[PDB]
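Just one chain follows, in the form deposited in one PDB entry, and it is written as structure tokens.
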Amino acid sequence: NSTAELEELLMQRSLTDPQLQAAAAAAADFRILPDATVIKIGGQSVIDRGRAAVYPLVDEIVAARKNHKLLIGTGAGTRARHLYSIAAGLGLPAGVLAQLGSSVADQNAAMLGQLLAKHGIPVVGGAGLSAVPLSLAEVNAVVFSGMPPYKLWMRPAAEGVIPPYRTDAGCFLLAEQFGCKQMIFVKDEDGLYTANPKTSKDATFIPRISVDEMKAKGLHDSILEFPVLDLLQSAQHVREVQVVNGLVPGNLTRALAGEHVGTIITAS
């Protein structure tokens, strides 16, 4: 490889050309925010539950940002499910539902951000940054809405009109594209089980699992949006994620401290 060979391919071939694709893969790898952790605060699993769930997590965020740089993305939750149901019954496409769901994640970011405002932590928006570098350097944390920006360009699922890339995917992709050191999903269960613990009696807790093992166990679509597992296997920077129960006091703090609470899901 060389810069000249890569630039020659880049000028003379289609971007679909395997030779170009392979030369581009040898490029150096810059991590934009390598010291930051992305955390997703679930909409249905946390913010929809109101004060009993949100206030302890606010306290943890405030305590954590002393020693940890945090990008805190919000899920959407039951109001997005309602919008999806109205729009799906009208026959509207996934690209229309994608924008409806984003508004709900924005509401949740605004609510969480207003509880954090007096600690200096802003809500930031965009399909990328602007306000992120300065806020991370000065107050060590920002809040963002977790939904991807695809809008009408959302890729539909194989079946149905529910957007397949929602706030798990949105937060994961940001962690991946910023080259963050860690991705923590904050939900309302201790982690992954062998079956849905809300609808099954004797599901067994899984501390650690690979994406391939999850698929073989029929857990492709369980505690994470299933497309996130495929994104994870393709990722360059974030090759494992941790799922923790934000309803347990101090669980986020302990996860940020390196404690293996919850489930660690690995790309391989």
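Note that residue numbering begins at 1 and tracks the sequence as displayed. Shifts are known only where both forms have a C-alpha. Only the largest set of C-alpha atoms that superpose within 1.5 Å between the two forms is called the rigid core.
Note that the form deposited in another entry isn't included here; everything after this is about it.
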property: Moved residue between this form and the one not shown - picked from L173, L136, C180, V96, where its Cα shifts 2 angstroms or more relative to the rigid core; result: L136
property: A127: Cα shift of 2 Å or greater between this form and the one not shown (core-aligned); result: yes
property: Relative Cα spacing, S135 and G120, in the other form - shift of 3 Å or more; result: farther
property: Cα-Cα trend for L232 and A137, given that in the other form the distance shifts by 3 Å or more; result: farther
property: After core alignment, residue runs (3 or more) whose Cα moves 2 Å or more between this form and the one not shown; result: 126-138
